[PDB]
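Written out below as structure tokens is the structure these notes cover.
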Amino acid sequence: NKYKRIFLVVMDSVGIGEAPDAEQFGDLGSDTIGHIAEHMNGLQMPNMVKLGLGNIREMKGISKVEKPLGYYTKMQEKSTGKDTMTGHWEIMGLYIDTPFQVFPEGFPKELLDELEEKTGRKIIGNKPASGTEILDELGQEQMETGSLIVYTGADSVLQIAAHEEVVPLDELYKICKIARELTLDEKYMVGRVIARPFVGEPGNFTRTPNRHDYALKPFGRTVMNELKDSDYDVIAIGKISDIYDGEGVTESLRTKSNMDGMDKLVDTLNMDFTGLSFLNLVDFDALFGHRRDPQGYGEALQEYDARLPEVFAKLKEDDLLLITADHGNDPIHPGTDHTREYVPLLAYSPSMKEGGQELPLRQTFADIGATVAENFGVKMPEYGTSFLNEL
Ligand SMILES: O=P(O)(O)OC[C@@H]1CC[C@@H](O)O1
Ligand SMILES: [Mn+2]
Ligand SMILES: [Mn+2]
Ligand SMILES: [Mn+2]
């Protein structure tokens with residue numbers, strides 16, 4: 001093996017400007033990092049800059065450097081959708097024709113009718129909302145009628161809330177599994193179905209840790225599957241295991257924040273493994289992009305950048321660090337959906353003694369999966385061109 005360990009970091013939703021097919025998605029003008037940089041009157045990301053971020057694209061506060069620490073380029077998405085699952089599945093070697101859907105106006109009547117018909121239960125709500133807001137509004141009605149609160153959010157999700165003392169937890173899970181089956185349908189293909197049990201009394205409802213997520217398996221065996229099948233370590237950090245429904249994962253480390261994510265990354269640097277450590281930093285997407293909060297997004301990017309020198313210090317000669325994103329989510333864009341953007345790619349190993357150079361633009365996110373597969377000598381994905389030899 002060229003590299004004993006590969007550290008792959010997805011900065012979730014951190015796009016680097018509209019992709020050539022942005023118009024199809026209503027995403028003309030989108031630019032996640034660029035608009036944030038402008039809002040911040042110059043982004044302070046000196047460590048990403050040292051890696052070559054400004055060499056990919058110069059933006060306010062983000063300038064090119066003569067000798068980038070590693071190699072740099074951007075990647076174009078080939079799959080139809082701009083959702084988290086599509087982006088991650090593509091990164092790990094797949095091509096996804098069928099997009100997952102988002103539902104800003106709630107779910108189609110046909111889906112909800114069928115869910116009632118299979119469960120013998122009434123459905124109420126049917127709109128985007130946070131868990132606190134929807135429970136405040138409908139929690140009492142739910143308790144009194146035994147109905148099911150169905151709701152969505154900014155992402156591709158179908159959420160079902162029921163009081164634990166009115167709808168037995170085990171029944172709520174059965175209902176969610178039925179909904180998971182009904183949503184395997186391109187007319188209304190949702191990324192995940194989520195059980196949202198809650199307890200308490202009107203004016204004091206709280207969601208319990210009995211939450212359960214029902215994910216789809218990737219539409220293909222991924223590079224992660226191949227690594228796991230060859231007895232390599234595949235350490236998933238943050239939402240990674242959920243995103244892939246555990247496929248190809250040997251260890252999973254839950255995180256509660258971006259900084260906790262960087263702490264777990266550090267934990268894996270301190271582990272003797274051979275294979276892949278795969279981190280998703282989700283705050284960018286969940287707290288800032290969808291909420292259209294460029295200030296919060298800018299601050300999070302700066303907090304993340306400040307953590308990188310410790311990572312640089314810990315990387316061994318036979319370690320490779322890969323930093324990318326899975327789509328854009330421009331916090332100064334109309335609506336609440338993701339944005340169809342190129343994503344940055346930075347590839348750094350301390351063994352790169354004379355620094356990096358520009359890579360040819362990656363025609364699919366699957367170039368990452370191809371590179372990882374080639375490094376570890378496992379079956380090459382059907383899509384993607386390795387850049388291993390360029391490093
Ligand atoms: O319902 P919450 O707590 O406001 O969470 C928002 C989204 C819904 C599911 C996950 O994407 O997080
Ligand atoms: Mn748009
Ligand atoms: Mn994402
Ligand atoms: Mn999202």
Side-chain angles (χ1 to χ4, degrees), residues 1-12 14-17 32-33 37 43-59 61-76 91-92 223 237 261-262 265-266 268-269 273-281 284 301-302 304-326 342-376 384-391:
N1 295 344
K2 190 172 177 167
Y3 301 104
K4 181 175 183 292
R5 309 190 296 177
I6 297 181
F7 300 85
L8 174 61
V9 179
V10 171
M11 306 174 301
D12 199 296
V14 184
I16 197 149
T32 294
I33 304 167
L43 255 170
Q44 302 166 55
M45 299 178 79
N47 300 115
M48 291 286 284
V49 161
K50 282 185 71 205
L51 286 172
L53 179 63
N55 291 248
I56 304 171
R57 206 187 134 205
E58 290 189 311
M59 295 165 291
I62 301 170
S63 295
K64 68 183 72 173
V65 292
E66 192 172 340
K67 193 169 157 182
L69 285 172
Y71 295 73
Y72 57 93
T73 190
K74 59 199 189 185
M75 317 204 296
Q76 187 167 151
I91 283 168
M92 280 295 132
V223 170
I237 307 162
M262 298 299 283
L265 182 64
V266 169
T268 71
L269 283 150
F273 72 93
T274 304
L276 176 73
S277 175
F278 193 172
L279 162 69
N280 185 105
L281 295 162
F284 301 128
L301 283 164
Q302 295 175 168
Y304 154 79
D305 192 86
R307 298 294 310 273
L308 293 171
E310 197 173 11
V311 173
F312 298 168
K314 296 173 89 60
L315 290 165
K316 311 196 188 297
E317 298 297 291
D318 53 358
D319 290 342
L320 175 73
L321 174 64
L322 296 178
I323 297 173
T324 198
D326 59 327
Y342 290 109
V343 301
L345 174 56
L346 299 164
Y348 173 59
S349 170
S351 65
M352 303 168 178
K353 290 308 162 203
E354 284 284 15
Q357 303 286 169
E358 192 176 18
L359 269 14
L361 187 142
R362 313 318 303 178
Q363 311 259 70
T364 170
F365 293 179
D367 291 6
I368 295 186
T371 300
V372 175
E374 192 190 0
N375 177 251
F376 290 115
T385 308
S386 176
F387 48 84
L388 187 70
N389 279 221
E390 277 64 72
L391 308 178

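Position 1 is the first residue of the sequence; numbering continues from there. These numbers come from the heavy atoms of this one structure, side chains and all, not from hydrogens, waters or symmetry mates.
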Check: With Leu322, which of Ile91, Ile368, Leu346 fulfils side-chain contact (heavy atoms from CB on, under 4.5 Å)?
Finding: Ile368
Check: What residues form a side-chain hydrogen bond (donor to acceptor under 3.5 Å, both in side chains) with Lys314, not counting sequence neighbours?
Finding: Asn270
Next item on the list: Would you check if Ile33 and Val14 make a side-chain contact, meaning some heavy-atom pair closer than 4.5 Å?
Entry: yes
Next item on the list: Kindly say whether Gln44 contributes a backbone atom to a donor-acceptor pair with the side chain of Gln302 at under 3.5 angstrom?
Entry: yes
Notebook entry, point to check: Considering residues at least two apart in sequence or located in another chain, which fulfil the side-chain hydrogen bond (donor to acceptor under 3.5 Å, both in side chains) criterion with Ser351?
Noted result: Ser349
Next item on the list: Applying side-chain hydrogen bond (donor to acceptor under 3.5 Å, both in side chains), name anything that partners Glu390, two or more places apart in sequence or on another chain.
Entry: none
Show the atom names and distances, to 0.1 Å, of all donor-acceptor pairs under 3.5 Å that link a side chain in residues 1-11 to residues at least two apart or in another chain.
from	atom 1	to	atom 2	distance (Å)
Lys2	NZ	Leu388	O	2.8
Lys2	NZ	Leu391	O	2.7
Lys4	NZ	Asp272	OD1	3.0
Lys4	NZ	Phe273	O	2.7
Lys4	NZ	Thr274	OG1	3.3
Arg5	NE	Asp319	OD1	2.9
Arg5	NH1	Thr268	O	3.4
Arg5	NH1	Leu269	O	2.9
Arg5	NH1	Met271	O	2.7
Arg5	NH2	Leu269	O	3.4
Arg5	NH2	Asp319	OD2	2.7

Note to self: Suppose we screen for salt bridge (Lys or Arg N to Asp or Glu O under 4.0 Å). Which residues come up paired with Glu317, at least two apart in sequence or across chains?
What the structure shows: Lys353
Note to self: Between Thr32 and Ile16, is there a side-chain heavy-atom distance shorter than 4.5 Å?
What the structure shows: no
Checklist line | Pairwise side-chain contact, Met59 with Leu43, heavy-atom cut-off 4.5 Å (strictly under) | finding: no
Check: Which residues satisfy the ring-ring contact (aromatic ring centres under 6.0 Å, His included) test with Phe284, sequence neighbours excluded?
Finding: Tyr297
Please list, one pair per line, the donor and acceptor atoms closer than 3.5 Å that link side chains of residues 64-75 to other protein atoms, with sequence neighbours excluded.
from	atom 1	to	atom 2	distance (Å)
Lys67	NZ	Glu354	OE1	3.4
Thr73	OG1	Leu359	O	3.1

Next item on the list: For the residue pair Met262 and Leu279, establish whether any side-chain heavy-atom pair is separated by less than 4.5 Å.
Entry: yes
Item checked: Rounded distance [0.5 Å steps], CG in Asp305 versus CZ in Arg307 -> 11.5 Å
Margin query: Does any part of the side chain of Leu53, heavy atoms only, come nearer than 4.5 Å to the side chain of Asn55, both counted from C-beta?
Written below: no
Check: When rounded to the nearest 0.5 angstrom, what distance separates CD1 in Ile237 from CG in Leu265?
Finding: 5.5 Å
Notebook entry, point to check: What do the steps show when you test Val49 against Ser63 for side-chain contact (heavy atoms from CB on, under 4.5 Å), and what is the final call?
Noted result: CA-CA 7 Å; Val49 161; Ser63 295; 5.6 Å; no
Check: Got a sec, which residues hit side-chain hydrogen bond (donor to acceptor under 3.5 Å, both in side chains) with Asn47, two or more places apart in sequence or on another chain?
Finding: none
Next item on the list: Could you list the residues that satisfy side chain to side chain contact (heavy atoms under 4.5 Å, CB included) with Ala370, not counting sequence neighbours?
Entry: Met380, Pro381, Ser386
Next item on the list: State which residues pass ring-ring contact (aromatic ring centres under 6.0 Å, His included) with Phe365; sequence neighbours excluded, sorted by chain then number.
Entry: none
Next item on the list: State the CG-CG distance between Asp12 and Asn280, to the nearest 0.5 angstrom.
Entry: 4.5 Å
Check: Say you draw a straight line from CE of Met45 to CG of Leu308; how long is it, rounded to the nearest 0.5 Å?
Finding: 7.5 Å
Check: What is the minimum heavy-atom distance between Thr324 and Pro344, and which atoms define it?
Finding: OG1-O, 2.8 Å
Check: In Å, rounded to the nearest 0.5 Å, how long is the span from CG of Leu345 to CD1 of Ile56?
Finding: 7.0 Å
Margin query: Enumerate the salt bridge (charged side-chain N to carboxylate O under 4.0 Å, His left out) contacts for residues 364-376, please, sequence neighbours excluded, ordered by first and then second residue.
Written below: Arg362-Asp367
Next item on the list: Please list all pairs passing the salt bridge (charged side-chain N to carboxylate O under 4.0 Å, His left out) test where one or both residues lie in residues 45-59, with sequence neighbours left out.
Entry: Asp31-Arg57
